[PDB]
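In the form deposited in one PDB entry, a lone chain appears below as structure tokens.
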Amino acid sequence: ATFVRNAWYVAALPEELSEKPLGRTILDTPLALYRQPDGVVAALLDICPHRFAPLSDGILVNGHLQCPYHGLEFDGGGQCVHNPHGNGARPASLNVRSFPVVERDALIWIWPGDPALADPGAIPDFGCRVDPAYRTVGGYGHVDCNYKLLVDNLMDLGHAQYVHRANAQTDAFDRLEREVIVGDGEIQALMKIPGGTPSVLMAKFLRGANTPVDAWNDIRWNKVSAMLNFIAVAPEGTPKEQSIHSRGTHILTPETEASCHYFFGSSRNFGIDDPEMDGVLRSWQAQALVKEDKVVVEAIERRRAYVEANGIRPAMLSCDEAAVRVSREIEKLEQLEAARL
């Protein structure tokens, strides 16, 4: 019910789209997503203007999406280009709503709000996903929880030990200086852990000069729910730029009030020509989502009714600064938008 509609959201990964329409709901809005013959992606409201049939169940006819019910045909902009009935007249009432869409950084971005306010330049920067110097692997996941629970999750390092123990684990609670930098529509949480233990994968690409001052775990948040992290390791006192690292794409898109779409990916600068490494990284990310984070957040969503019926508020700990700030920024965006409705 309460979404920030005036913002860019990822609706799909390029590989998911083709001439066969994909029906997907974004912010309670049903969409028909498909790639036209010229290769350009189109996004139409998945509701035919005639009698409301799902356009996503149709097929392309001469490059145009044909409604599966009575045959009306539409172009990528939503204009009805063919009416096979009667005099074949095509009044403006037959056009279907079209959404601004941009394919960039191996992501399909969509603006579900006021179309007059959609500026391609305000789209988050995920350039690493299409940089020849990086190898990117990823996927899609559906989760039955409000998207804000997963934003909280991604902005927090404290559950790694208990939720992702299979991968991330430690035994130190005396050393932890994470700085949170608040910008405009952007927030970064930087963490540098000297003497940090490199991953099993990034270790294979290290020669030898371990010295307490060489491990990073950072994350950047952009307007609403798009995040990119930075997991890295270095020899000694070398800068972040010259380290072995992976930039992780973690973008959430609300489906309904209690469900969301999760687009994940890893863009690494090591083992670039290792095909079996691709399967590995993609599976661990999938595991971290499906088999672990999903279980936790879906259980929390199931407790929302009780917490709201009663007046229960969360008790924050020292590790919640970044999440709390992002949570507050999203709230402000919800209010700023409602102050127009």
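Throughout, rigid core stands for the largest set of C-alpha atoms superposing within 1.5 Å between the two forms. When you see a residue number, it is the position in the sequence shown, counting from 1.
Heads up, the form deposited with a small molecule bound isn't pictured, but that's what we're talking about next.
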- request: Name the residue from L289, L33, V297, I26 that puts a heavy atom within 4.5 Å of the small molecule in the deposited complex.
  value: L289
statement: The one residue among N146, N229, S243, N222 placing a heavy atom within 4.5 Å of the small molecule in the deposited complex is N229
- request: Sort through 138 to 146, 177 to 185, 247 to 255, 109 to 117 and report the only stretch with a non-hydrogen atom within 4.5 Å of the small molecule in the deposited complex.
  value: 247 to 255
query: Can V151 be called a contact residue for the small molecule in the deposited complex at 4.5 Å between heavy atoms?
result: no
- prompt: According to a 4.5 angstroms non-hydrogen atom cut-off, is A122 in contact with the small molecule in the deposited complex?
  reply: no
message: Residue-level contact is defined here as any heavy atom of the residue lying within 4.5 Å of the small molecule in the deposited complex; does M202 satisfy this criterion?
response: yes
- prompt: According to a 4.5 angstroms non-hydrogen atom cut-off, is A42 in contact with the small molecule in the deposited complex?
  reply: no
message: Core-aligned, between this form and the one not shown, one residue among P132, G208, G86, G121 moves its CA by 2 Å or more. Tell me which.
response: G208
- request: Note yes or no: does the Cα of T238 move by 2 Å or more between this form and the one not shown after the core is superposed?
  value: yes
- prompt: With both forms fit on the core, is the shift of the CA atom of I181 between this form and the one not shown 2 Å or larger?
  reply: no
field: Cα displacement of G196 between this form and the one not shown reaching 2 Å, rigid core superposed
entry: yes
Cα-Cα trend for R207 and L281, given that in the deposited complex the distance shifts by 3 Å or more: closer
Distance trend in the deposited complex - C-alpha atoms of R129 and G196, change of 3 Å or more: farther
